[PDB]
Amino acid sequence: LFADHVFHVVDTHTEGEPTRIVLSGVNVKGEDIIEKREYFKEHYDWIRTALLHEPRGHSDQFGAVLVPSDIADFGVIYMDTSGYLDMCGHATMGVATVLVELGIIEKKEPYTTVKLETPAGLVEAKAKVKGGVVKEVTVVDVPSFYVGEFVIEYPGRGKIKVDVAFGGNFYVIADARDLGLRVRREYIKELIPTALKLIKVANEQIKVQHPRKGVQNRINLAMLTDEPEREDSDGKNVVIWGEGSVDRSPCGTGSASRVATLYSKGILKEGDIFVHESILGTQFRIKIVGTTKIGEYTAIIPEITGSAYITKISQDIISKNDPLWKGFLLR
């Protein structure tokens, strides 16, 4: 009686990073996922802030919209508090858990598998299921590659050595101590502004280019590395983008990009596995299960593994006279 709109949203976290997964209330027209995403940006961007800004989300929230697909089981429009990324690791893990545990897809075998049409390419998600429960998901991310290292001018700091790779989005990778901080919990209200400028600066000097239609040709996310805290861990990192959003997970698509750097640098060979640590201490693992050619960059095929957990099953309500229905932030 009190609702103007109602959305079926199921939440997950993936090593701490939330995905608000929406399963009703969004009809979207389009030939493929890139078209459907543009049709979403035009008519439906208000849903994105109503669901990930406050009060229904928060400064760091994340969303994925299930849509149909002719070329896959479903398509996925990834969205965050600022915009729409071409791919995302943790949200795919979360979509695969919901898709299974809620019985939308046939549970099967030890692994039940989902093909997903994503902006940056078709993405296979392999979920290990015990009983009804998905215990972990392995994402066969899209081909990732190294673009180059660069000496960029960072004001107040001089010249910084910086890597730039693509793991479904383009990333600026840079060691934190090179810019005067350590990625630990305490440096966060300093890590956000630094990493944010690192994206502005990097996109002025460096240019990137992905051959695929719809993949945006700018560095959209910043990744700052440091020594991990745990013994299992090969590397720590925090990924920061948009207006200050901070990945609570080791970030699948960025981790993919890092590994593709270490592959070109020879540090990692095909078949080797890497373990990444978030600023939270949670971890992913990436195997280099293959190689292929993207445009004419040499690309790894990375396989991110982790686990996601349903945390909420919601009917998100837009109440009649809610002056703040659209969502707000203060960061």
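From 1 onward, residues are counted along the sequence shown.
Relative to one another, 279 to 287 and 263 to 271 have unequal mean CA B-factors, and 263 to 271 is the one with the higher figure. Relative to one another, 157 to 165 and 232 to 240 have unequal mean CA B-factors, and 157 to 165 is the one with the higher figure.
For the set 115, 108, 248, 90, the PDB entry puts the maximum C-alpha B factor at 108. Within the selection 76, 202, 99, 140, the deposited Cα B-factor values reach their highest point at 202.
Ranked within its chain, residue 329 lands in the middle third, by CA B factor from the PDB record. When the modelled residues of the chain are ordered by C-alpha B-factor, residue 194 sits in the highest third. Remark: residue 39 belongs to the middle third of its chain, ranked by C-alpha B-factor as recorded. Among the modelled residues of its chain, residue 54 has a C-alpha B-factor that falls in the lowest third, as given in the PDB entry. Among the modelled residues of its chain, residue 209 has a C-alpha B-factor that falls in the middle third, as given in the PDB entry.
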